[PDB]
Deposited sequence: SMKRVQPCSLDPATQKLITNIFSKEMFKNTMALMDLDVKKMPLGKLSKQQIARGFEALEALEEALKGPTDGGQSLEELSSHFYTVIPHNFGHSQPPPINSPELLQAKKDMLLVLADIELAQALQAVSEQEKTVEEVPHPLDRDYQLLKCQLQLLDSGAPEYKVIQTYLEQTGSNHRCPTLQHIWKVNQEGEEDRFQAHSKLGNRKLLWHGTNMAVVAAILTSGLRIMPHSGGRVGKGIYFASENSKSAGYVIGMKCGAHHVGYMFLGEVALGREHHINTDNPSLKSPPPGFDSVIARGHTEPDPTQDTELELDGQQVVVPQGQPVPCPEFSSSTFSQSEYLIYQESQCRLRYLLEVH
């Protein structure tokens, strides 16, 4: 009988680790994506199944763009590979770009749920040691990501709170509960490659609770089937309200808990666009980033800076104001795009209610 060592984590961090590895959380997310958890339990999810789903979506995409299989037949194959639940009615045929991308996105999220399950598999060294860490220590250790909870008077704390408050929704701004500093080392080496590149900004990235463990383990990633209104890159926002739209939170007790990242992004020379371009795979030549510019932007006259690893990083502090040059943009709020994973380092994780 092995000893369970006492937990080293503070209460807030124990809660985070409980939440981002929660089996209920993961199954709730699968239900929210219309998956049939009975047919596709967490422990049964595999990389092969996910890869087969992407092959089925690739066939669908080719059909959508002959005498090949019907969209219904090809949809049926996808739905056999990745079981869905629509209260035991037929699932719907995947017959639009929008629905195709929504299934790609679902699988990208499912891939990160499978990553978290794979991470948790018990190693052989763990079966042999006579003492084990507390389970929340074990789970924290698996991330290979240093988290340090910040208190009120950490130098950046007020700056981050201000960014959240001034750029979050005016009527029901998310309520800040915790901030952690995030150090995923060996993001370090690849990030140091952009050390010459100025124009760094701290930007919001909101996400599903179900992908937080994966992000902490592996950083923000660009995968083969990722897409959106500015193409195949990593998406950020300068307005918390925009990123908060992507936060899938979870009911815990009387409240709704969600997580948002702050990334330091080396934007370099910006290419500004004012119309959607879902086909982009890089900036144009001589540019380091693409900014889909919104009707509004956090008032640039109120920008401050933080010093992170000896570099100045801009942090907006202003309420959003109108930008006359982009009053006719297809974007209400800006989307900031990088097309190399190396141009972002995770810096902070916020718990918001």
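Judged by missing C-alpha atoms, the gaps in the deposited chain sequence fall at residues 1, 67 to 69, listed in sequence order.
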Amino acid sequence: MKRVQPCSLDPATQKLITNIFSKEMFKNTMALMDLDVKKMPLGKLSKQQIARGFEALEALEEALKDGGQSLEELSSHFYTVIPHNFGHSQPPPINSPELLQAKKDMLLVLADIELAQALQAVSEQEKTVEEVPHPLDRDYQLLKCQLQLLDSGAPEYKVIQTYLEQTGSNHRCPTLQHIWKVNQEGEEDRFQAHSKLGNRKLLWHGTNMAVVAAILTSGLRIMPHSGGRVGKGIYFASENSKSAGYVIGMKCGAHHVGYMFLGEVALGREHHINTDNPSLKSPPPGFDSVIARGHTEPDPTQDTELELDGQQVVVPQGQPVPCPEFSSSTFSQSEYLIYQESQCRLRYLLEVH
From here on, numbers count along this sequence of modelled residues.
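Mean CA B-factor, 89 to 97 versus 203 to 211: the higher value falls on 89 to 97. In this entry, 301 to 309 shows the higher mean Cα temperature factor of the pair 301 to 309 and 27 to 35. Within the listed group 220, 252, 265, 262, the record reports its top CA B-factor for 252.
Ranking 239, 165, 112, 189 by the C-alpha B-factor listed in the PDB entry places 189 at the top.
Among all modelled residues in its chain, residue 133 ranks in the lowest third by Cα B-factor. Looking at the C-alpha B-factors along this chain, the one for residue 319 belongs to the middle third. Looking at the C-alpha B-factors along this chain, the one for residue 105 belongs to the middle third. In the deposited entry, the Cα temperature factor of residue 139 places it in the lowest third of its chain's modelled residues.
In the PDB entry, a CA B factor belonging to the middle third of its chain's modelled residues is recorded for residue 148.
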